[PDB]
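Each chain is listed here by its residues.
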Amino acid sequence: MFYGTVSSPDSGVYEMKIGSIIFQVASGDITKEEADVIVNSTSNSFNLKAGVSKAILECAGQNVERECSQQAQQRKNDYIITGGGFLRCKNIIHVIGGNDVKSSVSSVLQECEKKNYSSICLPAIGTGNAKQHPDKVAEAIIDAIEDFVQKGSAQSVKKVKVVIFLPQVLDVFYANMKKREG
Ligand SMILES: O=C(NCCc1ccncc1)NC1CCCCC1
Ligand SMILES: [Cl-]
Ligand SMILES: [Cl-]
């Protein structure tokens, strides 16, 4: 009851409506994206520096690294919200790559509504160091957005973009979108 048609605005880039949200996928470097929130896929200690998290932490800067460790030594966090540092965003949300991906995405969406944010950019959460399977990750990300729309929760959020390091993972996301199209 929610999905539009899959189309391609540029070479290797794909989009479809899910209710009121435009869902987009593309392969590339997530550290040169602009969005209200950029998501980092990290460890349960919020200090992973390998793969996409290496790139995010080095570009964001030592003040963001400091924010992560400061917050990690206060309570048991499922995820952590920091400033964007020298990334082009208002906040970074650091999620645990090994956690349930649907749950992690649902939390990001809810935190973005709380701040009246309109745009989100995320990696293929959990497919790096955590070694979750790409089609299970794609299914979980898109399911989280469907549930958020079904509940009438999308108000400020208008665009959700997955920027994916490996082209082979981009191909898996495309196939999952085609399976759902209306
Ligand atoms: O894939 C890589 N490095 C490739 C370079 C790269 C990766 C991501 N973002 C920018 C540059 N390392 C992997 C990460 C997962 C754990 C085992 C090492
Ligand atoms: Cl990725
Ligand atoms: Cl990961």
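As a reminder, the structure under discussion sits directly above these lines.
For the structure given in this document, a descriptive report is provided here.

1. Structural notes on empty space enclosed by the protein
Under the criterion given, the structure shown has one cavity of 30 Å³ or more. The calculated volume of the largest cavity comes to roughly 40 Å³. What lines the largest cavity is simply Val39, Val105, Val108, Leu109, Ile120, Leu122, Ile125 and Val160. Breaking the lining of the largest cavity down by element, the ones donating at least two residues are α3 (101-114) and β7 (119-122). Among the residues forming the lining of the largest cavity, the class breakdown is eight nonpolar, no polar and no charged.

2. Remarks on the sheet that holds strand β2 (residues 13-18)
Taken together, the eight strands give an open sheet; going across it, the order is β1-β2-β3-β8-β7-β4-β6-β5, and neighbouring strands pair in mixed fashion. Each edge of the sheet is formed by a strand with only one pairing partner; in this case those strands are β1 (7-10) and β5 (79-83). The sheet shows a mean angle of 25 degrees between the axes of neighbouring strands, taken without regard to direction. Note that strand β4 (residues 37-42) and β7 share two bridges and pair parallel. Among the inter-strand pairings, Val37 is bridged to a residue of β7, identified as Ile120. Together, β4, β5, β6 (91-96), β7 and β8 (159-164) form the strand contacts of α3, whose direction differs from that of β6 by roughly 160 degrees. Sitting on the sheet, helix α5 (residues 167-180) touches β2, β3 (21-27) and β8, and the angle it makes with β3 is about 150 degrees.

3. Description of the site of ligand 1
All residues in the neighbourhood of ligand 1 are listed as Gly51, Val52, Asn129 and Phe165. For the shell around ligand 1, the residue count by class is two nonpolar, two polar and no charged.

4. Examining the side chain of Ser43
If you trace the backbone, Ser43 turns up in the loop between β4 and α1 (52-60). Beyond its immediate chain neighbours, meaning those up to four positions away, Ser43 contacts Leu48 and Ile96.

5. Quick word on the state of the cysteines
Applying the stated criterion across every chain yields a total of zero disulfides. No disulfide involves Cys68; its nearest neighbouring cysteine sulfur is the one of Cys89, lying 12 Å away. By relative accessible area, which is 1% here, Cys68 ends up buried.

6. Here's the deal with the environment of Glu146
By the secondary structure assignment, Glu146 is in helix α4 (residues 134-150). The partly exposed category is assigned to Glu146, whose relative accessible area is 25%. When the C-alpha positions of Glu146 and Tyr3 are compared, they lie 8.7 Å apart, and in sequence the two are 143 residues distant. Once residues within four sequence positions are removed from consideration, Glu146 is found in contact with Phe2, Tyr3, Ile18 and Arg180. Within the local environment of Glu146, its side chain forms a polar contact with the side chain of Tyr3, the two groups lying 2.6 Å apart.

Reading the values: rules and limits
- Residues numbered from 1 in each chain as written, not as in the entry; some residues may be left out.
- Chains lettered and ligands numbered in written order.
- Heavy atoms only, no water.
- 1 Å grid on protein atoms, 1.4 Å probe; cavity = no way out; pocket = protein on both sides within 12 Å on 5 of 7 lines; lining within 4 Å.
- Points joined across faces, edges and corners; volume = space filled by probe spheres on them.
- Helix = DSSP H or I, 4+ residues; strand = E, 2+ residues; numbered from the N terminus.
- Nonpolar A, V, L, I, M, F, W, Y, C, P; charged D, E, K, R; others polar.
- Pairing = 2+ DSSP bridges.
- Axes fitted to C-alpha atoms, helices over the stretch in contact; angles between N-to-C directions.
- Contact = heavy atoms within 4.5 Å.
- Near = heavy atom within 4 Å.
- Disulfide = S-S within 2.5 Å.
- Buried < 20%, exposed > 50% of the residue type's maximum accessible area, 1.4 Å probe, protein only.
- Polar contact = N/O pair within 3.5 Å; in protein donor to acceptor, adjacent residues only side chain to side chain.

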